[PDB]
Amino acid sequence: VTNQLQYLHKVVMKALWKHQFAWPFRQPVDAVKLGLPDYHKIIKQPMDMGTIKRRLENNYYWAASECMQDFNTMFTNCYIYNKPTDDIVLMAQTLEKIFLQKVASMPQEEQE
């Protein structure tokens, strides 16, 4: 536990998890379900909110940067695999905007 990680839990993940655009990011990408046979060839480190939430709830993370990199990885995976025109990219952009808005107000020192 740190102030910064409780911030990313109680402010960042609270806001994003309940967002009307969050639903595609709440669980891992299912290439079989979604019909994306190339997905795991293109994307090597899958990431999703569900995994990050669990990790925040089990104190998996040692630094706030570590949690922030997972959010980044989740958004980057989306922009890299998906066509520029796809709605999912707009939904990713909107979520990442809130992530960054909130991270700009995150506590400055990681005090344990």
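We number the residues from 1 along the sequence you see. Just so we're on the same page, rigid core means the largest C-alpha set that superposes within 1.5 Å between forms.
Could you check whether 100-108 or 86-94 drifts more from the shown form in 6 other deposited structures of this protein, using RMS Cα distance once the core is superposed?
Looking at 100-108 versus 86-94 in 6 other deposited structures of this protein, the farther one turns out to be 100-108.
Between 39-47 and 53-61, name whichever shows the higher mean Cα B factor according to the PDB entry.
Higher mean C-alpha B-factor: 53-61.
Entry-level comparison of average CA B-factors, 73-81 and 30-38, reporting the higher stretch:
In the deposited entry, the stretch with the higher C-alpha B-factor mean is 30-38.
Compare the C-alpha B factor of residue 16 with those of the other modelled residues in its chain, then answer lowest, middle or highest third.
For residue 16, whose C-alpha B-factor we compare with every modelled residue in the chain, the answer is the lowest third.
Ranked C-alpha temperature factor of residue 91 among modelled chain residues, by third:
Lowest third - that is where residue 91 ends up once the chain's C-alpha B-factors are sorted.
Determine, from the deposited record, the chain-internal third of the Cα B-factor for residue 22: lowest, middle or highest.
Lowest third - that is where residue 22 ends up once the chain's C-alpha B-factors are sorted.
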